[PDB]
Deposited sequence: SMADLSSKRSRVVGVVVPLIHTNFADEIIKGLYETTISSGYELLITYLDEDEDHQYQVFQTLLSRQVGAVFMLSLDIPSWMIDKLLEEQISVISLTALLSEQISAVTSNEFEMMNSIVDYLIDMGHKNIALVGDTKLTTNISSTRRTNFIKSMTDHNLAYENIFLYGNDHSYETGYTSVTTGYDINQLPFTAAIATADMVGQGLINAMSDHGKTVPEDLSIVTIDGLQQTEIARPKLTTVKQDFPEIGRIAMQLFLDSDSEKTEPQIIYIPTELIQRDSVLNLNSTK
C-alpha cells in the first residue's frame, strides 16, 4: 500500500499544496506516500522509474509535463495506475486539474469588464516542439472571443519565475511607455516580479499596471499591493486524484472549480 508522486525538480509551491491533499487522503486510506523528483536527464529518469517499480507502488501521480511517454507506458504495462494532476499528460490516463480555459477566460472577462483592452500574458508563454502552450493559446482564444485583435495582445516569457515577471516590463518592454494596461501573470511569483519592477522604477501597481495572477498561493497575500488572483484548489486536486485511484476497479478528466479573488492589484479604467 504505497503510492508514488513524481515532482519536477523546478517547481512553484503548488506541489507542496497538492501533496498536502494527497497525504490526507492516503493517510486515511491506509496508504503511504513516496515522493521522488524528476530532472531532465533521461538516464536519471529511468533510475527513478526503477525506484517506483521496486517499491511496488499501486499508483503514480504525475505533476510534471516533462514525463517521457515510455515511463507512462512502462508503468501502465506493470498494472500500476497513473494519474496526472494539474495537466493533461496523456490520452491514456485520467487527470485531475483546474479547467485552464475557464481560468483564463474568467481573468480576461474581468479585465475587460474593468475597462482594459491592451493586455499582456507574462510568464510561461513560449511555443515548443513537444509541450502544448496551454496558457498562451487560451489567452489568445479568450481575447479574440471578446472581439479584441492581435494589436491588443502582448506576450512575454519562458517560465513562471520572479525574474521573468521583473524582466518583462524592464527589458522586454519599455517601462515608461508600456503598450498594455494589464498583465496576466502565469504564476504568483511572476506577479511579484512585476510589482517590484514597477516599484523599483518609480511606478506603482495598479495605477501604472494592473495585474492578475494564476494560482493564489501565499505570495499573493504578502505582496503589496495584495494580488488579485485565480485561486486553484490544489489540495482538492490532490484529494480527488487519490479518490479516483481508490474508487477505480475509459480515462476521465475531472475539473476542479477555481475562483477569482479580487484584491488590490487591478484598476477600473472606465
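Peer 1: Walk along the deposited sequence from position 1 and note every stretch that has no C-alpha coordinates.
Peer 2: Gaps in the modelled chain, taken against the deposited sequence, lie at 1-10, 260-263, 285-287.
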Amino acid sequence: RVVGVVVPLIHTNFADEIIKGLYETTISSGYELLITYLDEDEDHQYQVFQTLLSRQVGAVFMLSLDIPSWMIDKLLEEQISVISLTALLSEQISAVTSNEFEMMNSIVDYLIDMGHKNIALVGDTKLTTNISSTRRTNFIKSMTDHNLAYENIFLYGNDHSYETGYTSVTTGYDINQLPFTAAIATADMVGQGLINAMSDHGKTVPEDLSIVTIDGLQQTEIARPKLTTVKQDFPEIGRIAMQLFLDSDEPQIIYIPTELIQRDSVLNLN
From here on, numbers count along this sequence of modelled residues.
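Peer 1: Return whichever of 159-167 and 145-153 has the greater mean Cα B factor according to the PDB record.
Peer 2: Going by the record's values, the stretch with the higher mean is 145-153.
Peer 1: Compare the mean C-alpha B-factor of 251-259 with that of 6-14 as given in the PDB entry, and name the stretch with the higher value.
Peer 2: It is 6-14 that shows the higher mean C-alpha B-factor.
Peer 1: For the listed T229, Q47, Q218, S210, which has the peak Cα B-factor recorded in the PDB entry?
Peer 2: Answer, based on the entry's C-alpha B-factors: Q47.
Peer 1: Just the C-alpha B-factor column, please: which of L244, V205, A223, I67 has the biggest number?
Peer 2: So the option with the highest C-alpha B-factor is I67.
Peer 1: Would the CA B-factor of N270 place it in the lowest, middle or highest third of its chain?
Peer 2: For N270, whose C-alpha B-factor we compare with every modelled residue in the chain, the answer is the highest third.
Peer 1: By its CA B factor, does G58 count among the lowest, middle or highest third of the modelled residues in the chain?
Peer 2: Its C-alpha B-factor belongs to the highest third of this chain's values.
Peer 1: When the deposited Cα B-factors of this chain's modelled residues are ordered and cut into thirds, is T186 in the lowest, the middle or the highest one?
Peer 2: Ranked within chain, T186 CA B lands in the lowest tercile.
Peer 1: Can you tell me whether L76 has a C-alpha B-factor in the lowest, middle or highest third compared with the other modelled residues of the same chain?
Peer 2: It belongs to the middle third of the chain when residues are ordered by C-alpha B-factor.
Peer 1: Is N196 in the lowest, middle or highest third of its chain when residues are ranked by C-alpha B-factor?
Peer 2: Its C-alpha B-factor belongs to the lowest third of this chain's values.
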